[PDB]
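Beneath this line is the structure, given in structure tokens, with notes to follow.
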Amino acid sequence: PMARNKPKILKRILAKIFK
């Protein structure tokens with residue numbers, strides 16, 4: 001289960017810079 005890795009939050013914040 002993803003807990004340490006939060007794909008939802010991480011990729012969103014990351015999508016601001018890296019789409």
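In the structure tokens, chains take letters A, B, ... by order of appearance, with residues numbered from 1 within each chain and ligands from 1 in the order shown.
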From a DSSP pass on the backbone, collect the residues of chain A flagged as helix (DSSP H, G or I) and hand them back as a PyMOL selection string.
-> chain A and resi 7-17
